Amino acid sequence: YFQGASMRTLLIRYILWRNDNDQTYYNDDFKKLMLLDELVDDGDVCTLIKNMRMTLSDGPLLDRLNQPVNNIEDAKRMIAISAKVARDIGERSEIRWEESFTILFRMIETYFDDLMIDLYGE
C-alpha cells in the first residue's frame, strides 16, 4: 500500500493546489486535507489576513496570529487557515511561498507523524 514519506512535501503540494485550483495538479491525497476546511469559517478569513498584516508578496503568516499550536487539533486548524488564505489571496507570481512554508512547518512539524496517522492511518 502507499504511506507518504513527507508531510512537508504533501502540504506544500496541497496548499499550492488550493491557491491555483489547477485540476492537472489535483491529487486524491488532498481529499483528507480538504475535510479540515470545516475547522475555519469562510467569514473569519478576511480578519485572519488583516491580523497577519499580509502584503501582496506574502503567503499565510500564521505566527502573527499569536495562536499557539499545543496539539494536533491546533495543527489541523493551521493547515485549514493556510488552505483558505491560499485560496482567497489568488494566483499571483509575487507570493513568496518559501517564507509562508518556513513559518507553517516551524509551527507544526512536531505533529507530522501524528497528522499522517490521524489522516491516512487505518
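One-based numbering along the sequence shown.
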Read off the CA B-factors in the entry, average them over 77-85 and over 37-45, and name the higher stretch. 37-45
Entry-level comparison of average CA B-factors, 10-18 and 109-117, reporting the higher stretch: 109-117
On the chain's distribution of Cα B-factors, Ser57 falls within the third called middle
Ranking every modelled residue in this chain by its Cα temperature factor as given in the entry, which third contains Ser93? highest
Sorting the chain's modelled residues by C-alpha B-factor and splitting them into thirds places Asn70 in the middle
